[PDB]
Amino acid sequence: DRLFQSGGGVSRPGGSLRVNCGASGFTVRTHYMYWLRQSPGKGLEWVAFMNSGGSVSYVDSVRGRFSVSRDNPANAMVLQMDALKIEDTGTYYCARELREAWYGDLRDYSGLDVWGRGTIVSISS
Amino acid sequence: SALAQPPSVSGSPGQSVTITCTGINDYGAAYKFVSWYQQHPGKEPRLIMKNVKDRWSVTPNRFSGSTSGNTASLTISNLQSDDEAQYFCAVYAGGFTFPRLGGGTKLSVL
Amino acid sequence: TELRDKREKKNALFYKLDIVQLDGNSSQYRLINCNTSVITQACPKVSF
Ligand SMILES: *[C@@H]1O[C@H](CO)[C@@H](O[C@@H]2O[C@H](CO)[C@@H](O[C@@H]3O[C@H](CO[C@H]4O[C@H](CO[C@H]5O[C@H](CO)[C@@H](O)[C@H](O)[C@@H]5O)[C@@H](O)[C@H](O)[C@@H]4O)[C@@H](O)[C@H](O[C@H]4O[C@H](CO)[C@@H](O)[C@H](O[C@H]5O[C@H](CO)[C@@H](O)[C@H](O)[C@@H]5O)[C@@H]4O)[C@@H]3O)[C@H](O)[C@H]2NC(C)=O)[C@H](O)[C@H]1NC(C)=O
Ligand SMILES: *[C@@H]1O[C@H](CO)[C@@H](O)[C@H](O)[C@H]1NC(C)=O
């Protein structure tokens, strides 16, 4: 399995950007996927999560501004980002998680096993 | 909130040191799955350890895990230059939406 | 059972994948589904 990313780039505050995350060896649409970001020299932080079912949860700080969508023909996800702020500047990562939830109910948990190399996003004036 | 990692640790080559991970039992009594991540500078995270002491794929023997209820401990023995990196402790449990992520610790070899 | 005062210690075997580790000491275990849903036994005449 592998993940590969594209997009990101440069934007003024209030602009819009978009990052693609495509998979190989497995399809996005049937796994647990995570969007995270890391500001330079700082730690990782959660951004978005999409379950196997396709429902998405957002962290409060980007709700109403970030949106994730499935691109099944491309076997990928897309993070669309609008109303960009300075705080959104950093390196973004798309990742796959392996868990065990038998008959719904869970028993075992590995963590994040597949990690994309990250895309750079810079919001500046 | 976030788990507690000391910002930085240091040790001599060949020795062993431990990075601690405190606050695990702060939110509920659910079984705490404890994980550890390595990140070399300019590189992405790489998963080291799950299930506090369970080694993952290519992680040598020199990495071991222990736990004290609320504080986990990741120990590395036979310190060597490769080990200089940023480490992240994390805990997940059922019902969580995101696993709690530590602040990270930079490990340097003297 | 069955006088609701004389409880007894019994034991039985359950296929591992049906057992979960309790949210605490590793010697303690729980049925896989029981904090979440009602579990019913299937009745011999009703084997479909
Ligand atoms: C049902 O039964 C089947 C059959 O038993 C079960 O399938 C098995 O599932 C295992 C779990 O995934 C598979 O193990 C994986 O193997 C891959 C590599 O497999 C390939 O290579 C093997 C040989 O590799 C050795 O030799 C090569 C040189 O030939 C050498 O380069 C290697 O380093 C290695 O020494 C072949 O024998 C095999 O057929 C196949 O061609 C292995 O890579 C997996 O490790 C993964 O570990 C983590 C997740 O744990 C993952 O993140 C890793 O990726 C990271 O690292 C790579 C670089 O290594 C990087 O590209 C990524 O970006 C990440 O940074 C890595 O993928 C894992 O060990 C097993 O192969 C498979 N068996 C078969 C026959 O397919 C199945 O599980 C069963 N299911 C149930 C429900 O029972
Ligand atoms: C039972 O709980 C105590 C409380 O911390 C702990 O010290 C002990 O190791 C536990 N026993 C097992 C078998 O987990």
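Here the Gaussian network model covers chain A, with springs between Cα atoms less than 10 Å apart; of A:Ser39, A:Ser61, A:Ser16, A:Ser61 fluctuates the most.
Under the simplified labelling scheme, the B:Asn51-C:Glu2 pair shows an inter-label distance of 4.2 nm, with each label point 7 Å from Cα along Cα→Cβ.
Here is the size of the range B:13-60 from its Cα atoms: Rg then Dmax, 13.2, 39 Å. Around the amide H of A:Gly111, modelled in the peptide plane, lie the amide H atoms of A:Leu98, all under 5 Å away and 5 or more residues distant in sequence or on another chain. Quick one: plug the Kirkwood hydrodynamic radius of the range A:37-108 (C-alpha pairs) into Stokes-Einstein at 37 °C, 0.692 mPa s, and report D in µm²/s. Estimated diffusion coefficient is 232 µm²/s. Per-residue mean of foreign Cβ neighbours for A:43-55 is 2 (Cβ atoms of other chains, 10 Å radius). Counts of other chain beta carbons within 10 angstrom of each beta carbon in peptide A:111-117 average 5.
Between A:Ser55, A:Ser110, A:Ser24, the residue with the greatest mean-square fluctuation in the GNM of chain A (Cα pairs under 10 Å linked by springs) is A:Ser110. If only the Cβ of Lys and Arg carry +1 and only the Cβ of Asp and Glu carry -1, the dipole of the protein assembly as shown around its Cα centre is close to 300 debye. Note on chain B: dipole from Cβ charges, positive end direction compared against B:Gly94, B:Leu79, B:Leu110; the farthest Cα belongs to B:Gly94. About the centre of its Cα atoms, the range A:20-81 shows a dipole size close to 60 debye [charges on the beta carbon of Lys, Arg (+1) and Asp, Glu (-1) only; nearest 20 debye].
Along its principal axes, chain C has C-alpha extents of 39, 32, 21 angstrom, given from the largest down. Summing Cβ point charges (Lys, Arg +1; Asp, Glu -1) relative to the Cα centre of chain A gives a dipole of roughly 340 debye. Amide hydrogen proximity for A:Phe26: with H placed 1.01 Å from N in the peptide plane, the residues at 5 or more positions away or on another chain lying under 5 Å are A:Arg2.
Kirkwood analysis of the protein assembly as shown, using all unique Cα-Cα pairs, places the hydrodynamic radius at 21.3 Å. Pairwise inverse Cα distances across chain A, averaged and inverted, put the Kirkwood hydrodynamic radius at 14.9 Å. Per-residue shielding of C:30-36, expressed as the average number of other chain Cβ atoms within 10 Å of the residue Cβ, stands at 3.
Restricting things to Cα coordinates, could you compute the convex hull volume per residue of chain B in Å³?
About 99 Å³ per residue, rounded to a whole number.
Using DSSP to define loop residues, name the trypsin sites (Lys or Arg not before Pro) in the range A:1-78 whose beta-carbon has at most 16 other beta-carbon atoms within 10 Å.
The qualifying sites are A:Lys42, A:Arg63, A:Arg65.
Backbone phi angles across the range A:102-112, fed through the Karplus curve with coefficients 6.51, -1.76 and 1.60 (θ = phi - 60°), yield HN-Hα couplings of 6, 6, x, 5, 9, 9, 10, 8, 8, x, 8 Hz in residue order; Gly and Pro are listed as x.
Of A:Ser52, C:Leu31, B:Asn25, which is farthest on the positive side of the dipole of the protein assembly as shown, counting Cα position, with +1 on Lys and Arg Cβ, -1 on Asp and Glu Cβ, and the Cα centre as origin? The residue sitting farthest along the positive end of the dipole is C:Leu31. Absence of a disulfide-compatible partner, taken as no other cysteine beta carbon within less than 4.7 angstrom, is noted in the protein assembly as shown for C:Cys34, C:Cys43. Taking amide H atoms as placed 1.01 Å from N in the peptide plane, the amide H of B:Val17 lies under 5 Å from those of B:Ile76, each 5 or more residues away in sequence or on another chain.
Each value in this text was obtained by applying a stated rule to the coordinates, not by laboratory testing. Neighbour counts run over all protein chains shown; Cβ positions are idealised from the backbone, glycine included.
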